[PDB]
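Peer 1: Read top to bottom, the protein sequences are chains B and A.
Taking the entry's author numbering, I'd label the letters of the first sequence as residues 1 to 444.
Taking the entry's author numbering, I'd label the letters of the second sequence as residues 1 to 444.
The beta-carbon is built from N, C-alpha and C at its ideal position, and this holds for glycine as well.
Protein chains: 2
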Amino acid sequence: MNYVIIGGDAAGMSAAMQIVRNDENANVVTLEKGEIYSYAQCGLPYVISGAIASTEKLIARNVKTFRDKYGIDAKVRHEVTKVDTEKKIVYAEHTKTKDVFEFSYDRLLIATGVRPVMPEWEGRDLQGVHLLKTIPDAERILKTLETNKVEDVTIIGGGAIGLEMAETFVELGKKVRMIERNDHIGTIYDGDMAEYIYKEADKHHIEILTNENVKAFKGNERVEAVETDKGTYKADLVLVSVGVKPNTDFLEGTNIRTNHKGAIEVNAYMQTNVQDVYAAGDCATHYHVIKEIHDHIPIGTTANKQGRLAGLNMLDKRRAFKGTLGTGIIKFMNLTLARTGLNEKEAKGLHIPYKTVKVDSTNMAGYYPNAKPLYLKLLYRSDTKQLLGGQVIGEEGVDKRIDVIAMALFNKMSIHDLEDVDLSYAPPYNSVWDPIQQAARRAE
Amino acid sequence: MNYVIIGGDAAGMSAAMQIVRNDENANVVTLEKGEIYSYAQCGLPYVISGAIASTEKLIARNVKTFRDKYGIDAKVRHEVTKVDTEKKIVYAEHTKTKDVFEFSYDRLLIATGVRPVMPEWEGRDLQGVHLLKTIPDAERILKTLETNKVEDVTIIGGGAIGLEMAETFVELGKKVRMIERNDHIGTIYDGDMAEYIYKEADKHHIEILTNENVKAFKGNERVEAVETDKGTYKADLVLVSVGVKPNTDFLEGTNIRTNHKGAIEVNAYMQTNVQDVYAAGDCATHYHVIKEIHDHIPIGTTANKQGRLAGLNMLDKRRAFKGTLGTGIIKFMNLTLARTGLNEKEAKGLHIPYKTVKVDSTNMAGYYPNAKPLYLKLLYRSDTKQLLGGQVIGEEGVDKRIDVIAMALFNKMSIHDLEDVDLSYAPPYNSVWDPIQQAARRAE
Ligand SMILES: Cc1cc2nc3c(=O)[nH]c(=O)nc-3n(C[C@H](O)[C@H](O)[C@H](O)COP(=O)(O)OP(=O)(O)OC[C@H]3O[C@@H](n4cnc5c(N)ncnc54)[C@H](O)[C@@H]3O)c2cc1C
Ligand SMILES: Cc1cc2nc3c(=O)[nH]c(=O)nc-3n(C[C@H](O)[C@H](O)[C@H](O)COP(=O)(O)OP(=O)(O)OC[C@H]3O[C@@H](n4cnc5c(N)ncnc54)[C@H](O)[C@@H]3O)c2cc1C
Ligand SMILES: CC(C)(COP(=O)(O)OP(=O)(O)OC[C@H]1O[C@@H](n2cnc3c(N)ncnc32)[C@H](O)[C@@H]1OP(=O)(O)O)[C@@H](O)C(=O)NCCC(=O)NCCS
Ligand SMILES: CC(C)(COP(=O)(O)OP(=O)(O)OC[C@H]1O[C@@H](n2cnc3c(N)ncnc32)[C@H](O)[C@@H]1OP(=O)(O)O)[C@@H](O)C(=O)NCCC(=O)NCCS
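(1) Contact defined as beta carbons within less than 8 Å: I believe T228/B pairs with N211/B. What is the distance between those atoms, to the nearest angstrom?
(2) Tell me, please, which residues DSSP counts as bridged to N2/A.
(3) How is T336/A classed by DSSP in three states: helix, strand or coil?
(4) Pick helix, strand or coil for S104/A, following the three-state DSSP scheme.
(5) Could you please give the first and the last residue of the uninterrupted alpha helix (DSSP H) stretch that includes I405/A?
(6) Give me the chain A residues within the contact set of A138/B, using Cβ-Cβ distance strictly less than 9 Å, ordered along the chain.
(7) Quick one: is the Cβ of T168/B within less than 7 Å of any heavy atom of ligand 1?
(8) Identify whether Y233/A lies in helix, strand or coil by the three-state DSSP scheme.
(9) Looking at the strands, I want to know which residues DSSP matches up with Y189/A.
(10) Looking at residue 445/B and ligand 3, is the gap between the Cβ and the nearest heavy atom below 7 Å?
(11) With distances taken Cα to Cα, identify the nearest neighbour of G191/A among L409/A, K377/A, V4/A.
(12) Find the residues of chain A that neighbour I141/B, judging by a C-beta separation of less than 9 Å, and give them in chain order.
(13) What distance in whole Å lies between the Cβ atoms of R61/B and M118/B, which are believed to be in contact at a cut-off of 8 Å?
(14) Any heavy atom of ligand 4 closer than 7 Å to the beta-carbon of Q41/A?
(15) Please report the straight-line C-alpha distance between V83/B and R124/B, rounded to a whole angstrom.
(16) Just curious, the beta strand (DSSP E) that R181/A is in, first and last residue?
(17) For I161/A, which of helix, strand or coil comes out of DSSP?
(18) What are the residues in the segment 414–427 of chain B lying within 7 Å of chain A by C-beta distance?
(19) If contact is defined by three or more beta carbon pairs under 8 Å, each pair taking one atom from either stretch, is the segment 157–165 of chain B in contact with the segment 64–71 of chain B?
(20) Is the CB of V170/A under 8 Å away from at least one CB in chain B?
(21) Put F169/A into one of helix, strand or coil per three-state DSSP.
(22) Going by Cα to Cα distance, which pick from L379/B, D276/B, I293/B, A225/B is closest to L409/B?
(23) If you follow the alpha helix (DSSP H) that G307/A is in, where does it begin and where does it stop?
(24) Give a single yes or no on whether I161/B has its beta carbon closer than 7 Å to a heavy atom of ligand 1.
(25) I'd like to know whether the C-beta of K377/B is nearer than 8 Å to at least one C-beta of chain A.
(26) Taking only three categories from DSSP, how would you classify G12/A?
(27) For a quick check, are the C-beta atoms of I141/B and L58/B less than 8 Å apart?
(28) So for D276/A, helix, strand or coil by DSSP?
(29) Spell out whether any CB of chain A is found under 8 Å from the CB atom of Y429/B.
(30) At a cut-off of 7 Å, would you count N211/B as near ligand 4, judging by its Cβ distance to the nearest heavy atom?
(31) Does any residue of chain A have a CB that is nearer than 8 Å to the CB of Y198/B?
(32) Compute the beta-carbon to beta-carbon distance between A225/B and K218/B, rounded to the nearest angstrom, for a pair I have assumed lies under 8 Å.
(33) Only counting the same chain, and skipping five residues up and downstream in sequence, which positions put a Cβ closer than 8 Å to that of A347/A?
(34) Short of 8 Å in beta carbon distance, which residues of its chain neighbour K96/A, apart from the five on each side in sequence? Order them along the chain.
(35) On the DSSP letters alone, give me the boundaries of the beta strand (DSSP E) that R442/A sits inside.
(36) Can a CB atom of chain B be found closer than 8 Å to the CB of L163/A?
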């Protein structure tokens with residue numbers, strides 16, 4: 001009956017909505033550190049590029065609707081600093097006044113996501129050095145672009161956010177450099193597939209520096225350069241995108257179990273090891289359908305799914321989380337980059353015996369106008385032929401293929417079974433055998 | 001060792017290639033009535049529209065390649081007129097010289113497809129009255145368009161071909177009318193989804209006539225009008241697209257079993273009831289994954305799969321055909337029209353208890369530029385919640401959704417399990433919950 005939720009975004013409010021819809025007696029208090037509930041972080045790079053009019057467009061439901069329409073007691077500017085799991089009390093600080101409030105719970109959900117990491121580099125705090133996570137973050141980047149002469153941009157790190165932001169700055173007419181981390185090589189794409197990414201970057205004049213270590217950001221009051229172990233380069237704006245950390249520091253002393261990076265362990269039902277405490281989203285671990293271990297792959301689709309499940313389970317509407325597949329998709333310049341399941345680094349790290357098939361193909365009938373190349377790779381088990389993962393790169397029809405591969409991994413299909421599926425074909429959409437099925441046929 | 005195949009297209013040559021690849025000693029004779037092997041009938045409307053340079057582009061493999069590279073004794077202009085299943089002899093008549101040849105078989109495959117039906121209308125034979133099946137057919141339509149002054153085009157019938165051809169003639173700048181058969185209402189799309197098709201046709205000034213019966217085609221040497229039971233309309237070119245008949249006429253007298261429309265019955269292994277006689281493609285029946293009965297849904301994806309399977313089984317590499325889902329996709333003007341599994345007419349005819357969910361949604365994040373409307377309908381069993389079928393209509397991202405639905409149907413998934421699949425999401429491709437999942441959530 002008293003439900004407390006910490007975090008006011010995808011996971012926390014997916015949970016809140018379930019409770020509110022399915023328990024009319026429920027007293028729901030939500031605790032959010034900032035001033036903005038339920039917004040699409042994913043739209044941030046597209047507001048910065050100007051493709052979306054403003055950050056207000058990213059708001060999915062405001063705090064006024066949560067309060068007035070749904071009877072949720074949604075707090076803004078409340079940062080939780082401590083949880084007492086024996087007394088069942090949450091302590092929150094008002095972020096302006098610093099006055100302390102306490103909230104009694106019957107069931108608690110931790111839905112506090114992750115934060116971007118800023119390594120301990122000289123110059124970290126120079127004006128124009130940025131992280132990107134929140135609407136205020138995006139506004140500070142725009143403010144730097146508005147109030148300065150920005151021509152050279154350096155991105156530290158790659159991955160989804162780094163690549164999307166490279167595109168965003170290219171589209172804003174900047175000269176973009178990105179300095180990539182070698183600990184992140186092979187983590188998303190195999191090396192033979194990442195080649196298409198390097199080619200596309202190079203084609204659009206995005207300089208990618210490999211095997212080079214940042215050491216300081218240089219400047220007086222603002223950044224003007226980035227220093228690495230191999231040079232110093234002019235930069236008028238630096239975006240740091242090198243990793244994330246679960247926002248779980250405040251739970252120190254609660255006995256709530258955490259993996260090595262600080263993500264909260266959850267069982268099938270979003271429950272922690274501590275009675276009546278739950279977790280969901282980027283702050284929690286994510287059972288992996290193919291690894292069969294609790295991984296950490298923080299994304300918004302998983303966050304919404306786990307938050308919804310956590311709400312249902314907190315109402316005792318028992319329902320197991322089926323897992324994540326590690327699915328990810330990125331728009332990068334002219335290319336779409338998609339992957340799901342295990343890549344080679346992951347399969348090797350698990351000691352799962354696998355083979356691969358790679359096909360350079362087209363997204364549709366080769367004779368049809370504007371058929372575009374499509375590169376597709378599948379991993380499958382050597383013994384049982386179970387499909388393990390796929391990576392797809394090209395300009396069109398990539399999302400279709402990764403979604404089909406995601407479906408196959410979800411159903412634990414053997415690679416050769418993909419040959420039997422009655423997928424759609426007409427000349428404007430596909431070939432009579434889909435690229436996935438042609439790759440399946442080449443498998444042993 | 002002596003394999004005889006009748007039909008030199010998708011099913012027949014898919015079989016041929018398997019036999020040739022997997023039996024070094026095999027003597028393969030293929031018998032094709034026309035002069036063209038292995039071509040994409042699907043590309044024909046797109047050659048006619050000018051989108052594809054010529055019919056030559058549609059040829060996948062030459063008879064010269066089959067003969068020289070693969071050692072297949074590929075005959076052209078050989079029309080099989082009878083089969084003696086006791087003596088195991090195939091009788092073919094040369095289409096020009098009328099000479100008769102005998103071919104002895106150890107295993108026989110019938111891969112003779114369907115033919116478009118021309119009802120017995122006065123004027124059937126007027127110049128400018130056309131069927132569309134073969135490359136010569138497309139050439140004759142082009143000849144009519146090149147010579148004759150064509151302004152008004154009438155299409156009799158609908159379905160994929162009628163719709164694709166209405167677009168083709170619009171793009172060639174003609175005034176297009178379609179006269180639709182009421183025996184085919186609800187057979188492909190439910191009435192509520194067909195509405196989008198009528199709106200789209202009307203939008204582009206394609207006049208569609210309903211509950212109106214053709215009576216005659218009028219003209220001198222060439223066609224110039226179409227008469228129905230309600231009027232007579234100018235037409236300089238008529239395309240008739242009212243149904244297909246399996247090309248199995250010639251088998252009368254054998255004991256080879258056929259369904260009511262003449263399609264040859266095949267078991268799991270593409271075998272007829274007659275020892276050592278197989279069938280595949282449009283001339284055969286198609287086991288339906290969801291109906292659990294042998295249907296007839298002639299389409300090129302199925303023909304290639306069945307032909308390949310027939311070749312394999314003819315070599316005793318035993319492999320069962322898993323079935324068809326009745327998947328179909330059409331480009332029509334600005335819309336993509338897709339369906340798979342059962343629609344309401346099919347579910348009702350089978351007495352399967354079902355419910356439906358319909359969602360008016362978008363293909364991607366609503367705040368992202370050029371997000372387009374997406375209309376999606378699912379049917380599911382009211383008892384077990386098994387997904388039964390789906391129809392998807394919209395401008396972009398329709399093929400992706402139907403392929404995901406096809407995968408779900410293939411795996412016999414419950415509608416609510418769709419909520420748990422880790423499908424891809426980024427703002428340019430989808431919403432955080434795919435439309436399929438939002439519809440799934442609305443189901444009982
Ligand atoms: C630039 C960018 C692009 C992205 N693109 C995609 C994409 O294309 N596809 C995709 O699926 N995902 C994408 N994501 C990720 C997706 O946005 C997140 O996974 C999702 O927001 C996670 O939801 P969550 O509720 O777990 O955490 P969050 O959305 O981070 O919400 C956590 C909330 O908790 C609050 N909080 C933290 N600590 C406390 C505390 N002590 N007290 C009170 N409140 C606290 C924070 O203020 C925050 O609002 C992207 C993210 C970024 C930054
Ligand atoms: C305009 C059009 C558009 C299409 N679009 C699509 C689409 O978008 N997607 C899709 O999946 N499918 C599409 N199809 C259907 C697809 O083309 C067919 O399903 C596929 O060609 C069927 O292959 P099949 O080998 O069984 O029959 P066919 O390809 O018809 O081949 C049978 C062959 O047998 C020969 N033959 C017949 N009788 C005899 C005889 N007695 N003796 C000797 N030879 C004989 C014929 O000459 C023919 O070449 C389309 C068809 C048309 C006409
Ligand atoms: C906005 C947010 C609170 C969603 O709240 P929600 O109420 O769960 O979602 P909706 O408002 O779409 O409502 C969904 C429910 O209403 C039901 N519903 C919606 N329309 C319906 C209709 N017309 N008829 C019947 N039922 C309907 C749905 O079936 C669904 O039911 P369920 O929850 O029992 O499965 C949550 O997603 C959020 O905070 N998001 C943050 C933004 C975000 O997603 N960020 C990550 C993006 S990277
Ligand atoms: C063209 C046609 C003969 C295909 O013949 P095919 O030889 O089976 O097809 P391909 O040439 O693509 O060869 C496929 C085989 O080679 C193998 N192969 C292809 N490239 C390979 C490679 N690079 N490395 C290893 N193996 C490869 C495939 O795995 C496949 O093997 P399998 O048959 O054992 O599964 C047949 O589809 C046809 O006649 N089509 C008519 C046109 C049509 O499709 N019409 C209907 C469209 S509507």
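Peer 2: Quick look at the numbers:
(1) Position 228 of the first sequence, counted from the start, is the residue given in the question as residue 228/B. Position 211 of the first sequence, counted from the start, is the residue given in the question as residue 211/B. Actually they are not in contact, since the Cβ atoms of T228/B and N211/B sit about 10 Å apart, beyond 8 Å.
(2) Looking up residue 2/A in the second sequence gives position 2. In DSSP, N2/A forms a bridge with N27/A.
(3) On the second sequence, position 336 is the one that residue 336/A refers to. It is a strand residue.
(4) Translated into positions along the second sequence, residue 104/A becomes position 104. Correct three-state label for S104/A: strand.
(5) As a working mapping, residue 405/A is identified with position 405 in the second sequence. That run of the alpha helix (DSSP H) goes 398–410.
(6) For the purposes of this step, residue 138/B is taken as residue 138 along the first sequence, with counting starting at 1. Within chain A, no residue comes near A138/B; the closest Cβ sits about 14 Å away, beyond 9 Å.
(7) Along the first sequence, one-based indexing puts residue 168/B at 168. Not so, every heavy atom of ligand 1 lies at least 7 Å from the Cβ.
(8) Locating residue 233/A in the second sequence gives position 233, where the first residue counts as 1. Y233/A: strand per DSSP, three-state reduction.
(9) Against the second sequence, residue 189/A aligns to sequence position 189. Beta-bridge pairing links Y189/A to no other residue.
(10) Residue 445/B falls outside the range modelled here, since chain B spans only 1 to 444, and no answer is possible.
(11) Against the second sequence, residue 191/A aligns to sequence position 191. Selected option, being the one with the closest Cα: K377/A.
(12) For the purposes of this step, residue 141/B is identified with residue 141 of the first sequence, where counting begins at 1. Per Cβ cutoff of 9 Å: no residues; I141/B is ~17 Å from chain A at best.
(13) Within the first sequence, the letter at position 118 stands for residue 118/B. Within the first sequence, the letter at position 61 stands for residue 61/B. Wrong, their Cβ atoms sit about 30 Å apart, outside the cutoff.
(14) As a first step, residue 41/A is located in the second sequence; it is residue number 41 there, counting from the start. Flag set: Cβ of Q41/A near ligand 4.
(15) Indexing the first sequence from 1 puts residue 83/B at position 83. Indexing the first sequence from 1 puts residue 124/B at position 124. Each residue's alpha carbon lies about 31 Å from the other.
(16) Position 181 of the second sequence, counted from the start, is the residue given in the question as residue 181/A. Per DSSP, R181/A belongs to no beta strand (DSSP E) and is neither H nor E.
(17) Residue numbering aside, residue 161/A sits at position 161 when the second sequence is read from its first letter. In the structure shown, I161/A sits in a helix (DSSP, three-state: H, G or I).
(18) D420, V421, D422, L423, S424, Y425, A426, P427
(19) No, because fewer than three Cβ pairs between the segment 64–71 of chain B and the segment 157–165 of chain B fall closer than 8 Å, the two stretches do not touch.
(20) The residue you call residue 170/A lines up with position 170 of the second sequence. No, no contact with chain B.
(21) Residue numbering aside, residue 169/A sits at position 169 when the second sequence is read from its first letter. Looking at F169/A - three-state DSSP - the assignment turns out to be helix.
(22) Translated into positions along the first sequence, residue 409/B becomes position 409. With distances taken between Cα atoms, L409/B lies closest to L379/B.
(23) Here residue 307/A refers to the residue found at position 307 when the second sequence is read from its first residue. Element bounds for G307/A: 300–314.
(24) Along the first sequence, read from residue 1 onward, the residue named residue 161/B stands at position 161. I161/B Cβ: within cutoff of ligand 1.
(25) As a first step, residue 377/B is located in the first sequence; it is residue number 377 there, counting from the start. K377/B does not count as touching chain A.
(26) Residue numbering aside, residue 12/A sits at position 12 when the second sequence is read from its first letter. Helix.
(27) Numbered from its first residue, the first sequence carries residue 141/B at position 141. Numbered from its first residue, the first sequence carries residue 58/B at position 58. Not a contact, by the Cβ cut-off of 8 Å.
(28) Against the second sequence, residue 276/A aligns to sequence position 276. If DSSP states are grouped into helix, strand and coil, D276/A belongs with coil.
(29) By 1-based counting over the first sequence, the position of residue 429/B is 429. Under the Cβ distance rule, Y429/B counts among the residues neighbouring chain A, one pair being separated by less than 8 Å.
(30) Position 211 of the first sequence, counted from the first residue, corresponds to residue 211/B. It does not: the Cβ of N211/B is nowhere closer than 7 Å to a heavy atom of ligand 4.
(31) Along the first sequence, read from residue 1 onward, the residue named residue 198/B stands at position 198. With 8 Å as the cut-off, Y198/B does not count as an interface residue toward chain A.
(32) Residue mapping note: residue 225/B aligns to position 225 of the first sequence, counting from 1. Residue mapping note: residue 218/B aligns to position 218 of the first sequence, counting from 1. With 8 Å as the limit, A225/B and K218/B qualify as a contact, their Cβ atoms being about 4 Å apart.
(33) Residue 347/A sits at position 347 when you count from the first residue of the second sequence. Contacts found: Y354, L379, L388, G389.
(34) In the second sequence, the residue the question calls residue 96/A occupies position 96. Cβ neighbours of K96/A beyond the five flanking positions: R77.
(35) Position 442 of the second sequence, counted from the first residue, corresponds to residue 442/A. Unbroken run through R442/A is the alpha helix (DSSP H), 435–442; no beta strand (DSSP E).
(36) Here residue 163/A refers to the residue found at position 163 when the second sequence is read from its first residue. Not one chain B Cβ lies under 8 Å of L163/A.
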